[PDB]
Amino acid sequence: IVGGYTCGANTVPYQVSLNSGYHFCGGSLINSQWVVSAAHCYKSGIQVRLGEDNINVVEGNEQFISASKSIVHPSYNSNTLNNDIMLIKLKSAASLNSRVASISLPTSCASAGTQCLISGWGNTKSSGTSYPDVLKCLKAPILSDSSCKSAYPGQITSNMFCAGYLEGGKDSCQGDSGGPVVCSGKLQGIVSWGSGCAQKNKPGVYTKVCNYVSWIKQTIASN
Ligand SMILES: CC(C)[C@@H]1[C@@H]2[C@H](C(=O)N1Cc1ccc3c(c1)OCO3)[C@H](c1ccc(C(=N)N)cc1)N1CCC[C@@H]21
Ligand SMILES: [Ca+2]
């Protein structure tokens with residue numbers, strides 16, 4: 001997260017860290033046994049870390065649970081980043097509490113100008129590398145489709161939306177991939193891609209979760 005603020009310990013209780021010996025992606029808890037992330041975060045050997053604030057210190061409230069299976073959208077395209085979504089099933093159910101809780105799936109799509117909360121442990125610099133210990137937060141609005149398509153001509157599908165600031169300075173970044181975009185208490189996006197971080201006229205691009213609710217529901221019900 002570039003240009004954000006320190007969320008405060010466990011203030012974003014649905015946020016997870018995907019760990020393979022180091023943090024590499026974010027995700028969102030959607031019930032006690034399933035996490036939603038980005039397809040491009042797929043790898044083998046994922047440990048899901050719940051209840052984290054400082055990802056480098058055991059502070060209490062953490063739960064570490066191995067992934068039992070990861071389900072990449074069957075139509076994910078690694079060239080166009082279309083359908084950049086994945087479900088992760090936990091080997092055992094998380095213990096839900098005030099510090100570890102799920103986020104609701106949307107019943108409808110959010111409109112342009114909706115203000116959302118974006119969070120992650122990714123890089124905090126637009127130039128160069130600086131990874132935080134603790135979770136960072138950013139309030140950002142959903143941009144109109146025309147602005148989004150003007151910024152990334154030819155590259156925006158109906159499964160994507162832009163969020164952020166055209167003037168630059170505030171964006172998600174490397175390491176935030178797969179994390180939540182939460183608007184009015186519902187999960188509307190997944191951190192997917194961008195052109196650098198926090199550059200002018202190059203907002204972040206997010207997977208449009210409201211287009212996948214039926215798919216998520218049906219996939220979880222059969223696994
Ligand atoms: C593995 C990919 C997804 C990678 C991913 C994310 C991304 O932007 N990619 C580059 C990419 C690939 C294909 C594309 C593309 C950008 O635009 C059109 O087609 C991702 C990334 C995510 C968000 C931002 C941002 N909000 N500025 C910027 C970058 N980067 C950071 C590390 C992983 C890498
Ligand atoms: Ca910790």
# chains A, B, ... in the order shown; residues from 1 in each chain; ligands from 1
>>> residues_near_ligand(ligand="ligand 1", cutoff="7 Å", atoms="only C-alpha atoms and all ligand atoms", output="PyMOL selection string")
chain A and resi 40+78-81+155+171-177+191-198+203-205
>>> closest_atom_pairs(of="chain A", to="ligand 2", cutoff="7 Å", atoms="only C-alpha atoms and all ligand atoms", output="tab-separated table")
residue	atom	partner	partner_atom_place_in_ligand_line	distance
A:52	CA	ligand 2	1 (Ca)	4.8
A:53	CA	ligand 2	1 (Ca)	5.5
A:54	CA	ligand 2	1 (Ca)	4.4
A:55	CA	ligand 2	1 (Ca)	4.3
A:56	CA	ligand 2	1 (Ca)	5.8
A:57	CA	ligand 2	1 (Ca)	4.5
A:58	CA	ligand 2	1 (Ca)	4.2
A:59	CA	ligand 2	1 (Ca)	5.1
A:60	CA	ligand 2	1 (Ca)	6.9
A:62	CA	ligand 2	1 (Ca)	6.2
>>> write_last_selection(atoms="C-alpha atoms", output="short mmCIF file (atom, residue, chain, number, x, y, z; two decimals), in the first residue's frame")
data_model
loop_
_atom_site.label_atom_id
_atom_site.label_comp_id
_atom_site.auth_asym_id
_atom_site.auth_seq_id
_atom_site.Cartn_x
_atom_site.Cartn_y
_atom_site.Cartn_z
CA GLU A 52 -2.03 -10.98 11.79
CA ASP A 53 -0.84 -7.48 12.40
CA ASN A 54 2.97 -7.65 12.53
CA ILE A 55 3.78 -10.45 10.08
CA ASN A 56 7.33 -10.80 11.43
CA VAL A 57 6.46 -11.30 15.14
CA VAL A 58 4.15 -13.68 16.99
CA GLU A 59 2.04 -11.27 18.97
CA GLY A 60 -1.01 -13.38 19.80
CA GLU A 62 -2.57 -15.52 15.01
#
>>> closest_residue(among="A:66, A:207, A:114, A:184", to="residue 159 in chain A", atoms="only C-alpha atoms")
A:207
>>> select_by_dssp(residues="range 13-196 of chain A", states="strand (DSSP E or B)", output="ChimeraX atom specification")
/A:15-19,23-29,34-37,47-50,63-72,86-90,104,115-120,136-142,160-163,171,180-183,186-193
>>> write_last_selection(atoms="C-alpha atoms", output="compact mmCIF listing (two decimals), in the first residue's frame")
# COMPACT_ATOMS: atom_id res chain seq x y z
CA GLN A 15 -7.57 -9.96 5.97
CA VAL A 16 -5.22 -12.91 5.52
CA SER A 17 -1.58 -13.29 4.62
CA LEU A 18 -0.53 -16.08 2.25
CA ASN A 19 2.84 -17.41 3.37
CA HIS A 23 4.43 -13.15 2.90
CA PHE A 24 3.69 -13.10 -0.85
CA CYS A 25 -0.03 -12.27 -1.27
CA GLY A 26 -3.11 -11.19 0.54
CA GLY A 27 -6.56 -12.70 0.70
CA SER A 28 -9.99 -12.42 2.40
CA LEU A 29 -11.75 -14.82 4.75
CA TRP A 34 -12.56 -20.59 2.67
CA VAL A 35 -10.40 -17.72 1.49
CA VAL A 36 -10.67 -15.67 -1.73
CA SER A 37 -7.45 -14.38 -3.42
CA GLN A 47 0.12 -21.51 4.63
CA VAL A 48 -2.75 -19.15 5.41
CA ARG A 49 -2.06 -16.75 8.28
CA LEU A 50 -5.11 -15.30 10.03
CA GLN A 63 -3.88 -18.72 13.48
CA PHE A 64 -1.70 -20.55 10.99
CA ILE A 65 -3.55 -23.04 8.78
CA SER A 66 -2.32 -24.92 5.77
CA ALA A 67 -4.21 -24.75 2.54
CA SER A 68 -5.81 -28.09 1.60
CA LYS A 69 -6.66 -27.06 -1.97
CA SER A 70 -6.43 -24.01 -4.14
CA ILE A 71 -8.92 -23.54 -7.00
CA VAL A 72 -7.87 -21.14 -9.71
CA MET A 86 -8.90 -18.11 -6.73
CA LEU A 87 -10.52 -19.96 -3.84
CA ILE A 88 -8.51 -21.52 -1.05
CA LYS A 89 -9.91 -24.19 1.24
CA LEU A 90 -8.36 -24.44 4.70
CA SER A 104 -19.66 -10.75 3.21
CA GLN A 115 -15.50 4.62 -1.31
CA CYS A 116 -13.71 1.41 -0.39
CA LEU A 117 -11.04 0.13 2.02
CA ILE A 118 -7.98 -1.54 0.55
CA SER A 119 -5.44 -3.22 2.87
CA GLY A 120 -2.21 -5.18 2.65
CA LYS A 136 -1.54 -0.83 5.98
CA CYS A 137 -4.89 0.60 4.89
CA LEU A 138 -6.09 2.91 2.09
CA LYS A 139 -9.45 4.52 1.41
CA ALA A 140 -9.96 4.76 -2.36
CA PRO A 141 -12.98 5.29 -4.64
CA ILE A 142 -14.15 3.19 -7.54
CA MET A 160 -12.31 -5.62 -13.81
CA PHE A 161 -12.74 -2.14 -12.32
CA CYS A 162 -10.31 0.69 -11.51
CA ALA A 163 -10.05 2.23 -8.01
CA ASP A 171 -2.34 2.93 -4.58
CA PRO A 180 -9.55 -7.18 -0.26
CA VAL A 181 -11.37 -4.16 -1.59
CA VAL A 182 -14.23 -3.70 0.80
CA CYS A 183 -17.07 -1.26 0.20
CA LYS A 186 -19.02 -6.09 1.28
CA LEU A 187 -16.10 -7.61 -0.70
CA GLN A 188 -16.25 -5.96 -4.14
CA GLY A 189 -12.70 -6.46 -5.31
CA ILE A 190 -9.44 -8.33 -5.27
CA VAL A 191 -6.10 -6.58 -5.81
CA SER A 192 -5.15 -7.73 -9.34
CA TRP A 193 -2.84 -5.49 -11.37
>>> residues_around(residues="residue 211 in chain A", least_positions_apart="3", cutoff="9 Å", atoms="only C-alpha atoms", output="MDAnalysis selection string")
chainID A and resid 108:109 158:159 207:208 214:215
>>> select_by_dssp(residues="range 3-152 of chain A", states="helix (DSSP H, G or I)", output="count of residues only")
10
>>> closest_residue(among="A:61, A:73, A:178, A:169", to="residue 121 in chain A", atoms="only C-alpha atoms")
A:178
>>> atom_distance(atom1="CA of residue 202 in chain A", atom2="CA of residue 166 in chain A")
6.5 Å
>>> closest_residue(among="A:9, A:92, A:134, A:165", to="residue 122 in chain A", atoms="only C-alpha atoms")
A:134
